[PDB]
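**Student:** Opening piece of a complex, kept in its complex position:
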Amino acid sequence: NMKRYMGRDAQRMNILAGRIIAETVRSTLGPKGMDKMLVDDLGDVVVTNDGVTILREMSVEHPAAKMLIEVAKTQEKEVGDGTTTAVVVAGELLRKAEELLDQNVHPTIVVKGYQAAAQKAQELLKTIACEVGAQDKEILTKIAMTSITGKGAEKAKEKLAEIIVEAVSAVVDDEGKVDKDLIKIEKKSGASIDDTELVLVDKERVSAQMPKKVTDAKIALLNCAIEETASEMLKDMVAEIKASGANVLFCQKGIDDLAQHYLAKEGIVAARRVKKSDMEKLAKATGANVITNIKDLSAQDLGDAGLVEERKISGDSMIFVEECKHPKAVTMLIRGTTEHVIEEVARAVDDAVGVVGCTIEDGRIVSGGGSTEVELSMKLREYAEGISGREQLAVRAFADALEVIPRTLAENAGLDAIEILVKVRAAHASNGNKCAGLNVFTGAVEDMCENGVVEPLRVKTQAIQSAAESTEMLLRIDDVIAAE
């Protein structure tokens, strides 16, 4: 009772389960990559190329397959971009492992070489990484351009990348990290995509008596109700909010009609029945605390916004909580034709903000298009030469597994994956180039540094470490116990 596989039947069962879900997202990789349509139980339709969004919301039930959905989940959490690359590598590390397992090479000798090679791979990517001065805006534009590319070439327009860099360099708290929460994202309609210019609550003001737009507003987020009868029992409740010094008031519950007069009598603007999702947004953006008791409302529990304005944007009158000047907080009015386009243009900026923010924090970038994958592969095979024992073959299989990304890039491009794999490999020997990679549009092998195809070092370093540590643990299983 109830389900168990023995030794060889357990090792092959776990390796096959990791490889089968890896091939599902193997075609999505590359500028000429494929998209996936997922239809669940509800009949809800969604089409996505992003590797992490596919694995999370689709029906997966195999025990070994569920463990590999933690690699991409910690890839989007730590980096964001490179969720597809982190899964495919892990699949190839299982393919090169079972080739050694059938030859009676012990799994512990395999895990001995796999860890030692991954320990060396991290201390080899450091040299081949180029240093990008934190405010070198011409390179930062290229890094942002490389991030928008991959989701679409038509999305990658010269003017869009210039806007993103200006926002990230402004929100840097000297010295000198980058907080991604400081940039506010707004999703509005209107014939745009190009009209995109450098929290939005779907509500109005509780009374027409209240004014419309402050400068340097203090926002009190109340979870508790400000309620009553007919005997001015709210004059205390209104004065308690005035005691803290908050001119803006976001209430999650209902505000009574008597309190509406008194809050407007002071000059304080209030909003009734704001969605619970929007209340959690306001607390983290402005730096506010959600208070569930009006008696204990403190002045240090209030958030700080730059510009609060009830604009009638796209017809609807909504509360524009953003804003600043010499600004530590920036708002991005991401706009497009249909809401489904807007959300995609919103997620495209999410990756573009991350890479520029990572470049400022680190300094660091590596050549994309399967360029640094070849350089690291040839440097680890010569590293394997100086290792005595059976653990050498594990390092050799680790290095031969690194050539999967440049191989799969040709698989989805149209060109032969066997011919180019030799052309780039020969163009890495001795010295040059280190930056030589495959350009899917041109066809021939080109220098990626001059093409503008660059990705942050964290995209490659995290993806290797997350895939290595996962495959090391998966090769340490010989018995599977699955009840029910």
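**Tutor:** Sure, I can see it. Numbering: from 1, shown residues only, chains lettered A, B, ... in the order given.
**Student:** Relative to residue A:422, how far out is residue A:416?
**Tutor:** Remark: distance between residue A:416 and residue A:422 (Cβ to Cβ, to the nearest Å) = 10 Å. C-beta: built from backbone N, CA, C; applies to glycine.
**Student:** Quick check: nearest residue in space to residue A:298, chain neighbours excluded?
**Tutor:** For residue A:298, ignoring the flanking residues on the chain, the nearest one in space by Cβ to Cβ, 6 or more residues apart in numbering is residue A:244 at 6.2 Å.
**Student:** now residue A:253
**Tutor:** In space, residue A:253 comes closest to residue A:225 once its chain neighbours are excluded; the distance is 3.8 Å by Cβ to Cβ, 6+ apart.
**Student:** show me what contacts that neighbour?
**Tutor:** Residue A:225 sits next to A:251, A:253, A:254, A:255, A:256 when contact means Cβ atoms under 8 Å, 6 or more residues apart in numbering.
**Student:** isn't the third one right up against residue A:227?
**Tutor:** Yes - A contact is recorded between residue A:254 and residue A:227 when judged using Cβ atoms under 8 Å, the distance being 6.8 Å.
**Student:** Kindly export the longest helix anywhere in chain A (C-alpha atoms) in CSV.
**Tutor:** Longest helix in chain A, counting residues (DSSP state H): helix A:339-362. Taking Å, rounded to 0.1, in the frame of the first residue of the first chain, the C-alpha atoms of helix A:339-362 are listed here in CSV:
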residue,chain,number,x,y,z
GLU,A,339,-7.6,45.7,-22.2
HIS,A,340,-6.0,42.4,-23.2
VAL,A,341,-3.3,44.3,-25.2
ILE,A,342,-2.8,46.7,-22.2
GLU,A,343,-2.2,43.8,-19.8
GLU,A,344,0.5,42.4,-22.2
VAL,A,345,2.1,45.8,-22.6
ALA,A,346,2.0,46.0,-18.8
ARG,A,347,3.8,42.6,-18.4
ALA,A,348,6.4,43.6,-21.1
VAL,A,349,7.4,46.6,-19.0
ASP,A,350,7.7,44.4,-15.9
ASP,A,351,10.6,42.5,-17.5
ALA,A,352,12.1,45.8,-18.8
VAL,A,353,12.1,47.4,-15.3
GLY,A,354,13.8,44.3,-13.8
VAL,A,355,16.8,44.2,-16.1
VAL,A,356,17.7,47.9,-15.9
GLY,A,357,17.2,47.7,-12.1
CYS,A,358,19.5,44.7,-12.0
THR,A,359,22.2,46.5,-14.1
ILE,A,360,22.2,49.4,-11.7
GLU,A,361,22.5,47.1,-8.6
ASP,A,362,25.1,44.7,-10.1
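**Student:** and chain B on top of that:
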Amino acid sequence: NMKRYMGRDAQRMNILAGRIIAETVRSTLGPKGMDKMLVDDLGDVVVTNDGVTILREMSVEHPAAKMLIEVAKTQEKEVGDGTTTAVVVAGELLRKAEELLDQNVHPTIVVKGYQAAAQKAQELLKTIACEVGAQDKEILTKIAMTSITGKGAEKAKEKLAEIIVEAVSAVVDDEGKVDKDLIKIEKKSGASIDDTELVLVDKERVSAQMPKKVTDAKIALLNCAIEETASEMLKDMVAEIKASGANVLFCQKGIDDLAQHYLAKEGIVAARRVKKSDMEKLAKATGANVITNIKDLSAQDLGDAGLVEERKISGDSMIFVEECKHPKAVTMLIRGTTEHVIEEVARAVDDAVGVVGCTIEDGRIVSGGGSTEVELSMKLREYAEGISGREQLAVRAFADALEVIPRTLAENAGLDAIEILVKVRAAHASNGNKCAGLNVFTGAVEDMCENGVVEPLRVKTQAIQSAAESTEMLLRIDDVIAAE
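**Tutor:** Chain B added:
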């Protein structure tokens, strides 16, 4: 009509047929190699380790398998030793080929790299080959010792190798080739193996009147009968033999009683009804011509032997046709307990004569025990690095196939074939040793030059060229037509 396989079903059918007969002789290789027992239709039993004798006399019927029995057949014809090694390599070249065929790499790109690598392998073995002065007898003893070893360590005794070298160095016709036919092989009984001292016709003299042993005898080989009635019609026939000047007469047919008196009257010794097999032996050893007419018997059709003597060796009185002094022809009295032992001690010398004769003619030897196989493998992988295109992978597969012999040597030894394959490979890098190989008795990797494990260059160069040319032709078949 009648049998045909299409494309992929034809290529896999021919590769599998070559590999299946390669595994049959794969266990025979090495000092700790296995023997094979073959029972045919007649019920005749014979046990042999020699790779070429197995493939020739056993029941083989597959069309693709019969073509690979021409490699070892031309290995024993050209070299002698290394018939097993020539087949196993050809099998691995088919295994590494079908790995490329499943990846849609075209067979002509495979044959392009396989030929170019074999062309380089021949011009890389020339440097790693050591020059052995033709009369350097201390090394020639080691080469002879290495030849006797492989068939048996108990066969390999110090005194035996010293005897062989003296015979080969004497039969050298200056300057300066070695004729293997000049050394006569005799198979006699008696408690020996150690009593082996540095044509034998199973017949006597036709008349007791005839003498027994000449010096510098001229031998007339007659196929025609010297026959008669009762009216001295043989006085012409006897005088016609005397006209040529031959004191020794070997007759294949019957000699009549009247001619027996007249031949003995002259002093000419004759023998009646010598086996047809022995007549062909006498013609090639002494340098004689088989004449089928007594009227045309010429003096230039007579052979020349050193010593002809009717010894009563081992009880039986047989004609000892050998012999010399300052000798261009040498006789080896190979002796043992049972006739089946004698024949094996006779075949063990056959390999020992070849290698010493090849060393005098060439100069040349390479380290055995899978030593030069590793050196050539690492030198062709770096040679593959400087080749652009898909033909590189064919050279890589050609070089990776060379490590089969050192791998199979460990397979039959008892030690791990995965662990040692790394130990020797790492001990070949940069410079040293070139002569590093596996010693099956010691276990650890040792220098083969100091151990005395050396083989002629022709053993390795012929085996590669015979296996490469065969596998190149076999990869050029896509349709099989087999009628009946």
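**Student:** on that earlier part again, distance between the longest helix of chain A and the chain's centre?
**Tutor:** The chain centre lies 8 Å from the centre of helix A:339-362; the measure is Cα atoms, centre = their mean, to the nearest Å.
**Student:** Give the next helix or strand downstream of that helix.
**Tutor:** Downstream of helix A:339-362, the next assigned helix or strand under DSSP states H and E is strand A:364-367.
**Student:** So which elements touch the helix or strand just after that next one?
**Tutor:** Going down the chain from strand A:364-367, the next helix or strand is helix A:372-385, by DSSP H and E. Helices and strands touching helix A:372-385, by 3 or more Cβ pairs under 8 Å, 6 or more residues apart in numbering or on different chains; DSSP states H and E, are helix A:107-122, helix A:125-128, helix A:391-400, helix A:404-411, helix A:420-426.
**Student:** Let's verify the residue nearest the centre of chain A: helix, strand, or coil?
**Tutor:** Of all residues in chain A, the one closest to the mean position by Cα atoms, centre = their mean is residue A:80, 2.5 Å from it. The three-state assignment at residue A:80 reads coil, by DSSP: H, G, I helix; E, B strand; the rest coil.
**Student:** Quick check: the gap between it and residue A:352.
**Tutor:** As judged by Cβ to Cβ, residue A:80 and residue A:352 stand 10 Å apart.
**Student:** Equivalent analysis for residue A:55, please.
**Tutor:** Separation of residue A:55 from residue A:352 (Cβ to Cβ): 23 Å.
**Student:** which of these two has more neighbours?
**Tutor:** The neighbour comparison of residue A:55 against residue A:352 (other Cβ atoms under 10 Å in any protein chain shown) goes to residue A:352, with 27 against 22.
**Student:** Residue ranges of each domain in chain A, please.
**Tutor:** Domain segmentation of chain A under CATH domains of a matching chain yields A:1-132+A:364-484, A:133-198+A:328-363, A:199-327.
**Student:** So for the shortest one, first residue to last residue, what's the gap.
**Tutor:** With Cα to Cα, to the nearest Å applied, domain A:133-198+A:328-363 spans 6 Å between its terminal residues.
**Student:** and what of the longest one?
**Tutor:** Distance across domain A:1-132+A:364-484, first residue to last, is 9 Å (Cα to Cα).
**Student:** And for stretch A:204-211?
**Tutor:** Distance across stretch A:204-211, first residue to last, is 11 Å (Cα to Cα).
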